[PDB]
Amino acid sequence: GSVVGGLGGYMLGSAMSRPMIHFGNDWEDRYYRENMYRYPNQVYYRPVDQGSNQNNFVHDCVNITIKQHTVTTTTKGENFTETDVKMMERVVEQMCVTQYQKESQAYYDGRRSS
């Protein structure tokens with residue numbers, strides 16, 4: 001978990017498993033389903049601290065992860081459609097939420113809520 005390529009130092013999450021996300025269109029639910037195992041299983045984040053926040057950790061994590069699985073992959077041998085990346089904007093969000101609910105509670109060690 002350090003500078004995974006030309007990352008700004010960012011760490012790389014432990015391998016998660018493929019979420020369930022239904023989006024609010026039946027085709028989206030089904031489409032996501034028919035490729036659920038094709039989506040990424042890890043996400044990239046920076047160390048939360050007292051000047052970070054979830055809306056900068058998760059937000060940048062969605063960008064960074066896409067920038068290492070879309071910007072690092074469409075340029076290679078992918079042609080991810082914006083539809084696919086619209087799906088990844090949910091998976092990576094809830095994944096990096098899950099990674100934050102660990103890392104943040106490691107950062108705080110006290111300031112987490114008392």
# chains A, B, ... in the order shown; residues from 1 in each chain; ligands from 1

call {"tool": "residues_around", "arguments": {"residues": "residue 31 in chain A", "least_positions_apart": "2", "cutoff": "12 Å", "atoms": "only C-alpha atoms", "output": "JSON, numbers by chain"}}
result
{"A": [20, 21, 22, 23, 25, 26, 27, 28, 29, 33, 34, 35, 36, 37, 38, 39, 83, 84, 86, 87]}

call {"tool": "residues_around", "arguments": {"residues": "residue 72 in chain A", "least_positions_apart": "6", "cutoff": "12 Å", "atoms": "only C-alpha atoms", "output": "PyMOL selection string"}}
result
chain A and resi 4-7+64-66+78-80

call {"tool": "closest_residue", "arguments": {"among": "A:89, A:112, A:104, A:48", "to": "residue 69 in chain A", "atoms": "only C-alpha atoms"}}
result
A:89

call {"tool": "select_by_dssp", "arguments": {"residues": "chain A", "states": "strand (DSSP E)", "output": "ChimeraX atom specification"}}
result
/A:11-12,44-45

call {"tool": "closest_atom_pairs", "arguments": {"of": "range 30-106 of chain A", "to": "range 8-19 of chain A", "cutoff": "7 Å", "atoms": "only C-alpha atoms", "output": "CSV"}}
result
residue,atom,partner,partner_atom,distance
A:36,CA,A:18,CA,6.2
A:37,CA,A:18,CA,6.1
A:41,CA,A:16,CA,5.0
A:42,CA,A:15,CA,4.9
A:43,CA,A:13,CA,5.3
A:44,CA,A:12,CA,4.3
A:45,CA,A:10,CA,5.3
A:46,CA,A:10,CA,4.7
A:91,CA,A:19,CA,6.5
A:99,CA,A:13,CA,6.8

call {"tool": "write_last_selection", "arguments": {"atoms": "N, CA, C and O atoms", "output": "PDB file, in the first residue's frame"}}
result
ATOM      1  N   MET A  36     -21.377  -8.651 -12.945  1.00  0.00           N
ATOM      2  CA  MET A  36     -21.053  -8.283 -11.562  1.00  0.00           C
ATOM      3  C   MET A  36     -19.624  -8.678 -11.163  1.00  0.00           C
ATOM      4  O   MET A  36     -18.929  -7.956 -10.455  1.00  0.00           O
ATOM      5  N   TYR A  37     -19.166  -9.828 -11.646  1.00  0.00           N
ATOM      6  CA  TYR A  37     -17.831 -10.393 -11.440  1.00  0.00           C
ATOM      7  C   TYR A  37     -16.768  -9.762 -12.350  1.00  0.00           C
ATOM      8  O   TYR A  37     -15.594 -10.105 -12.230  1.00  0.00           O
ATOM      9  N   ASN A  41     -12.481  -5.309  -7.659  1.00  0.00           N
ATOM     10  CA  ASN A  41     -12.661  -5.846  -6.324  1.00  0.00           C
ATOM     11  C   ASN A  41     -11.861  -5.033  -5.308  1.00  0.00           C
ATOM     12  O   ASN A  41     -12.089  -5.205  -4.116  1.00  0.00           O
ATOM     13  N   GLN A  42     -10.933  -4.162  -5.717  1.00  0.00           N
ATOM     14  CA  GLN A  42     -10.178  -3.299  -4.807  1.00  0.00           C
ATOM     15  C   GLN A  42     -10.381  -1.832  -5.204  1.00  0.00           C
ATOM     16  O   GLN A  42     -10.818  -1.537  -6.320  1.00  0.00           O
ATOM     17  N   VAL A  43      -9.993  -0.910  -4.319  1.00  0.00           N
ATOM     18  CA  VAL A  43     -10.101   0.540  -4.486  1.00  0.00           C
ATOM     19  C   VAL A  43      -8.850   1.202  -3.889  1.00  0.00           C
ATOM     20  O   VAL A  43      -8.199   0.575  -3.054  1.00  0.00           O
ATOM     21  N   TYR A  44      -8.514   2.445  -4.244  1.00  0.00           N
ATOM     22  CA  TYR A  44      -7.323   3.137  -3.736  1.00  0.00           C
ATOM     23  C   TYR A  44      -7.699   4.389  -2.956  1.00  0.00           C
ATOM     24  O   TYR A  44      -8.501   5.186  -3.431  1.00  0.00           O
ATOM     25  N   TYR A  45      -7.044   4.630  -1.827  1.00  0.00           N
ATOM     26  CA  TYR A  45      -7.341   5.722  -0.908  1.00  0.00           C
ATOM     27  C   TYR A  45      -6.043   6.322  -0.386  1.00  0.00           C
ATOM     28  O   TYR A  45      -4.964   5.798  -0.655  1.00  0.00           O
ATOM     29  N   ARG A  46      -6.121   7.469   0.286  1.00  0.00           N
ATOM     30  CA  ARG A  46      -5.007   8.089   1.007  1.00  0.00           C
ATOM     31  C   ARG A  46      -5.296   7.930   2.515  1.00  0.00           C
ATOM     32  O   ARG A  46      -6.445   7.657   2.866  1.00  0.00           O
ATOM     33  N   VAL A  91     -20.064   0.889  -7.058  1.00  0.00           N
ATOM     34  CA  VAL A  91     -19.229  -0.141  -6.460  1.00  0.00           C
ATOM     35  C   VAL A  91     -18.053   0.483  -5.706  1.00  0.00           C
ATOM     36  O   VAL A  91     -17.838   0.155  -4.542  1.00  0.00           O
ATOM     37  N   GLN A  99     -13.885   0.699   3.222  1.00  0.00           N
ATOM     38  CA  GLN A  99     -12.491   0.866   3.584  1.00  0.00           C
ATOM     39  C   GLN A  99     -12.309   2.064   4.533  1.00  0.00           C
ATOM     40  O   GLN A  99     -11.467   2.009   5.426  1.00  0.00           O
TER      41      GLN A  99
END

call {"tool": "closest_residue", "arguments": {"among": "A:47, A:55, A:88, A:1", "to": "residue 32 in chain A", "atoms": "only C-alpha atoms"}}
result
A:88

call {"tool": "residues_around", "arguments": {"residues": "residue 93 in chain A", "least_positions_apart": "5", "cutoff": "9 Å", "atoms": "only C-alpha atoms", "output": "PDB file with N, CA, C and O atoms, in the first residue's frame"}}
result
ATOM      1  N   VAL A  43      -9.993  -0.910  -4.319  1.00  0.00           N
ATOM      2  CA  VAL A  43     -10.101   0.540  -4.486  1.00  0.00           C
ATOM      3  C   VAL A  43      -8.850   1.202  -3.889  1.00  0.00           C
ATOM      4  O   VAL A  43      -8.199   0.575  -3.054  1.00  0.00           O
ATOM      5  N   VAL A  58     -13.538   9.178   0.023  1.00  0.00           N
ATOM      6  CA  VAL A  58     -14.364   8.400  -0.882  1.00  0.00           C
ATOM      7  C   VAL A  58     -14.366   9.085  -2.243  1.00  0.00           C
ATOM      8  O   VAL A  58     -14.136   8.424  -3.252  1.00  0.00           O
ATOM      9  N   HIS A  59     -14.590  10.401  -2.271  1.00  0.00           N
ATOM     10  CA  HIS A  59     -14.621  11.169  -3.505  1.00  0.00           C
ATOM     11  C   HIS A  59     -13.332  10.968  -4.297  1.00  0.00           C
ATOM     12  O   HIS A  59     -13.393  10.599  -5.471  1.00  0.00           O
ATOM     13  N   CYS A  61     -11.022   8.678  -3.846  1.00  0.00           N
ATOM     14  CA  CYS A  61     -10.908   7.246  -4.077  1.00  0.00           C
ATOM     15  C   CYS A  61     -11.668   6.787  -5.318  1.00  0.00           C
ATOM     16  O   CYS A  61     -11.129   5.994  -6.090  1.00  0.00           O
ATOM     17  N   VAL A  62     -12.883   7.282  -5.559  1.00  0.00           N
ATOM     18  CA  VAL A  62     -13.645   6.989  -6.763  1.00  0.00           C
ATOM     19  C   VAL A  62     -12.857   7.488  -7.974  1.00  0.00           C
ATOM     20  O   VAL A  62     -12.777   6.786  -8.978  1.00  0.00           O
ATOM     21  N   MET A  88     -19.449   1.558 -11.976  1.00  0.00           N
ATOM     22  CA  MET A  88     -18.287   1.573 -11.094  1.00  0.00           C
ATOM     23  C   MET A  88     -18.324   2.733 -10.090  1.00  0.00           C
ATOM     24  O   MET A  88     -17.823   2.595  -8.975  1.00  0.00           O
ATOM     25  N   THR A  98     -16.570   1.323   2.769  1.00  0.00           N
ATOM     26  CA  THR A  98     -16.259   0.210   3.648  1.00  0.00           C
ATOM     27  C   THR A  98     -14.802   0.300   4.109  1.00  0.00           C
ATOM     28  O   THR A  98     -14.512   0.037   5.276  1.00  0.00           O
TER      29      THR A  98
END

call {"tool": "closest_residue", "arguments": {"among": "A:52, A:68, A:113, A:82", "to": "residue 100 in chain A", "atoms": "only C-alpha atoms"}}
result
A:52

call {"tool": "closest_residue", "arguments": {"among": "A:2, A:81, A:50, A:63", "to": "residue 111 in chain A", "atoms": "only C-alpha atoms"}}
result
A:50

call {"tool": "closest_residue", "arguments": {"among": "A:51, A:24, A:75, A:96", "to": "residue 108 in chain A", "atoms": "only C-alpha atoms"}}
result
A:51

call {"tool": "select_by_dssp", "arguments": {"residues": "chain A", "states": "alpha helix (DSSP H)", "output": "PyMOL selection string"}}
result
chain A and resi 26-34+54-69+82-108
